[PDB]
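Notes follow the structure.
Residue numbers (PDB author numbering), protein chains in the order written: chain C, 2 to 169; chain B, 2 to 169; chain A, 2 to 169; chain D, 2 to 169; chain N, 2 to 169; chain O, 2 to 169.
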């Protein structure tokens, strides 16, 4: 076979130790998205999205066909999609009715609250994994009501528009 | 392994209790869409959609590239798709023929009628999970008539256009 | 678990009785599409489509951003796809050659003829589930002739253009 | 059967020997992408992409319809996608926050470090399989946070823009 | 040997008395399945099955990975298998021929009729162990006709589809 | 034969003493599963299953092909199968009828009650071998009713769904 086939375990051991000694990995199911003044609805959220962290680029064509991409103004505003679960009392439905009728702006705090760092019956967060969105707007979306989905719960879709990303 | 791996059950117990104590989840198969003056047809509906719940946005570009999304005029009109099941007497077919020939507007009431809150042989609704659509128009759609689909029933598709969403 | 979980059977019994007492459901394999003067071909059809039943809409933008959709002129003409099965004598091929050479217009009657209402060896139709298309045009389409499809019959595709929907 | 069906093993043996005597094949899981001044993050990378190695072409239409493609200016800048794995301390999150706030340019070294050529607890690279990107910019991307993905870790997506490819 | 090995008889006697006080156990050979208007065929039945008694469930993913299973709509219909024994006059064969030709719906009564509670030459039933299947359909199945099975009687298999379960 | 064949008895004596000093082994026939408010039915149970005690895992692919399995969110819900024995009065049948009609949630407690630790005519349990399942749901299953099984009692099968496991 191939002549250059020597192998060692110490390199693999070193890589494994370096990968493992850093800490736990953030499971995708450990998160908490809390609105402002509607803390009773934060338990209802089922799927969220940490917003974009990027800035627009500018494109420069230098002499002899060379290319340059340069940092530009920050991209503050944006749109995210959230999946919730409707209840029998229409708590989410009443909330979205109030939001559309009131024409107001709320702020949402998104935090990573794993069970490892949690203490008591309350969630414990960190300044590193906490983001805040101000002047946000919540819109609803069409929800499928099919008789065939007998073993499926209603999943309202919420379009959340954020106008500024803030982190401590 | 990872050094920070401590875990507790009281946090999980608290989250489970908070999630479960709110109430039953609305199953996707529990709904009732009723027209105006055609109550004998509402039993035929098989798939529906609660309409859009949103308003158009306006886009502003502030100084130094900052960006803003602002609430705009409400989005009242819209379109939904409904799936029905044809019968041997063509009740749905006769209904759509009458609708297209009459050139009239009907209003539909959409309600969530779960078995949990139902009383008697009649459905029980709530003001929270009830929507009403006025000045609606019903159009039909092409229906596949294939011989291979021996074990499939005819599924008429109805395009329902709504001009205003009304909630009590 | 959830506190509000009471349930009853009489509501389910009522819904089941209301759904079942209406009548049989139209199976998708029970239909009859008959041309004019070519009754020997109607047995060959394998897949058809009841035409569109809709009218064009007009979009009005009222004051303060409100929106309205209003009934417009009817959509009489339209296009449907039909699947047939070629024979060893080329009856369908001869028919389509005659149609393309003659440059004539034929009228097709679409009927739902379930076995339940049939009497004798002849289908029995109803005025509710019967449509008629006048001034129609039949065009052919490319047919795949692949050697790998040893267990598949030739399926000619017919594009049928209708200029008016007529129902009694 | 076919008349020309003779076969020999010496040709196959020769082809196998020629293919095998060259050396080992680079497994897709053996790589190392190291930033500048952030060596503690290189262990976190999970998926990367060696950048484009191509130049733009110019299209010439000669007489009588003949056609020519000619080498043009080099394509130095470009865009690549990298997949990382979030931790419980948010090291990647803190890094991307620092990058977006600082508005600085970093340089990344891409190397192939197979276990075969590795010595000690350190990776061993070669000048042939080593690339370097200067004046790079790192942007984040939306990350899915779904409850159903209980058995999936968070996978941040990093958009890396490179302005020049450099190889020794 | 083992140290904690003390034993008593009064506990075993109490458990035996509690088990015996519940009454006779229903032998699997004591049953009666009677159709509607075809009481002369119920004797020929040899093997049956009490239908499913369950409802569909809905699966909800709560925060931090917790799961809840909630009651859903009832499962009314179902499919069961019944084994009969063919006679020399083809009574069962004539019955299934009539059923397939007539395209009708029959209702069956399932009863547990043990010899203990029977009186006279007629079975005695109870409301607790009595079920009724409404709007049922009976289909036949392939029957093995082998010469080697000289000491085996023909056992037709009947697929019975039930659309509603009722109990007094 | 073999050269290294020396053997001793003191090692076997030590292993036997260590194995015997652990106490009596729990026989598979010593158990007690009792519901909430239906203590008269717990005697009729014949076969049960202690639920799963595990949590979901997450798979992280480290550099150079190394992989890690990390603890994830706990698995709370689940499904178990329980075999009962029908009586002549249909106590179990009436119980499942009531459970399916009421749409309620019951809590079950599972204990290991060997004769060794039992005192009096009542079972004596321990906190170590006692589990409790909350918000359980009971569904039935098809039961075979065959004439050939003359020497077999009816064995209803119950699907028990548990939504949370608790231990003191």
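Yeah, the Cβ is synthetic: ideal placement off N, Cα and C, and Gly gets one too.
Asked, Found
"List, in order along the chain, the chain B residues whose C-beta lies closer than 8 Å to that of residue 168 (chain A)?", "98"
"With burial defined as no fewer than 16 other Cβ atoms inside 10 Å of the residue's Cβ, what is the status of residue 153 (chain B): buried or exposed?", "exposed"
"Which word fits residue 124 (chain D), buried or exposed, when buried means at least 16 other C-beta atoms lie within 10 angstroms of its C-beta?", "buried"
"Does the beta carbon of residue 88 (chain O) sit closer than 8 Å to a beta carbon anywhere in chain N?", "yes"
"Can you confirm whether the region 46-59 of chain A touches the region 154-169 of chain A when touching is taken to mean that 3 or more C-beta pairs between the two stretches lie within less than 8 Å?", "yes"
"At a cut of 8 Å, does the region 111-129 of chain D reach the region 35-45 of chain C through at least three beta carbon pairs?", "no"
"Quick check on the burial criterion: 16 or more other C-beta atoms within 10 angstroms. Buried or exposed for residue 149 (chain C)?", "exposed"
"Check whether the Cβ of residue 75 (chain O) lies closer than 8 Å to any Cβ atom in chain B.", "yes"
"Cβ of residue 11 (chain N) versus every heavy atom of the ligand GDP: is any distance shorter than 7 Å?", "Among the components modelled here there is no ligand, and therefore nothing to report on the ligand GDP."
"Taking only three categories from DSSP, how would you classify residue 71 (chain C)?", "strand"
"Got a sec, what are the start and stop residues for the alpha helix (DSSP H) residue 159 (chain D) sits in?", "No alpha helix (DSSP H) contains residue 159 (chain D), which is instead part of the beta strand (DSSP E) from 158-163."
"Counting pairs of Cβ atoms below 8 Å between the region 41-51 of chain N and the region 91-99 of chain N, do you hit three or more?", "yes"
"Output yes or no for whether 8 Å exceeds the beta carbon distance between residue 61 (chain N) and residue 86 (chain C).", "yes"
"Flag this pair as yes or no: are the beta carbons of residue 160 (chain N) and residue 142 (chain N) separated by less than 8 Å?", "yes"
"How should residue 12 (chain O) be labelled, buried or exposed, when 16 other C-beta atoms within 10 angstroms of its C-beta is the threshold for buried?", "exposed"
"Buried or exposed: residue 6 (chain N), going by 16 or more other Cβ atoms within 10 Å of its Cβ?", "exposed"
"Taking the alpha helix (DSSP H) that residue 99 (chain D) falls in, what are its first and last residues?", "92-103"
"On a Cα-Cα basis, can you pick out the residue from D:31, D:109 and D:70 that is closest to residue 58 (chain D)?", "D:70"
"Applying the 10 Å Cβ sphere with the 16-neighbour rule, what's the burial state of residue 16 (chain B)?", "buried"
"What's the gap between the Cα of residue 145 (chain A) and the Cα of residue 67 (chain A)?", "51 Å"
"Three Cβ pairs or more, each shorter than 8 Å: is that satisfied between the region 75-83 of chain N and the region 19-35 of chain B?", "no"
"For residue 48 (chain A) versus residue 147 (chain B), is the C-beta distance shorter than 8 Å?", "yes"
"8 Å is my cut-off, CB to CB: does residue 135 (chain B) come that close to chain C?", "no"
"When the distance is taken between beta carbons, is residue 112 (chain N) closer than 8 Å to residue 131 (chain N)?", "yes"
"How is the beta strand (DSSP E) around residue 18 (chain A) delimited, first residue to last?", "Not the beta strand (DSSP E): residue 18 (chain A) falls in the alpha helix (DSSP H), residues 11-21."
"Just mark residue 77 (chain O) as buried or exposed, buried being the case when its beta carbon has 16 or more other beta carbons within 10 Å.", "buried"
"Is residue 105 (chain C) near residue 133 (chain C), with beta carbons less than 8 Å apart?", "no"
"Got a sec, what are the start and stop residues for the beta strand (DSSP E) residue 127 (chain N) sits in?", "Element bounds for residue 127 (chain N): n/a, residue is neither H nor E."
"So, residue 119 (chain O) versus residue 9 (chain N), is the Cβ gap smaller than 8 Å?", "yes"
"Please name the residues in the region 30-59 of chain O whose beta-carbon is closer than 8 Å to at least one beta-carbon of chain N, in chain order.", "44, 45 and 57"
"Can you tell me the Cα-Cα spacing of residue 23 (chain O) and residue 75 (chain O), whole angstroms?", "31 Å"
"Tell me the residue span of the beta strand (DSSP E) that contains residue 86 (chain C).", "Unbroken run through residue 86 (chain C): none, as it is neither H nor E."
"Pick helix, strand or coil for residue 42 (chain C), following the three-state DSSP scheme.", "helix"
"Nearest to residue 91 (chain D) by alpha carbon, out of C:92, C:91, C:162 and C:115?", "C:115"
"Helix, strand or coil for residue 2 (chain D)? Go by DSSP, reduced to three states.", "coil"
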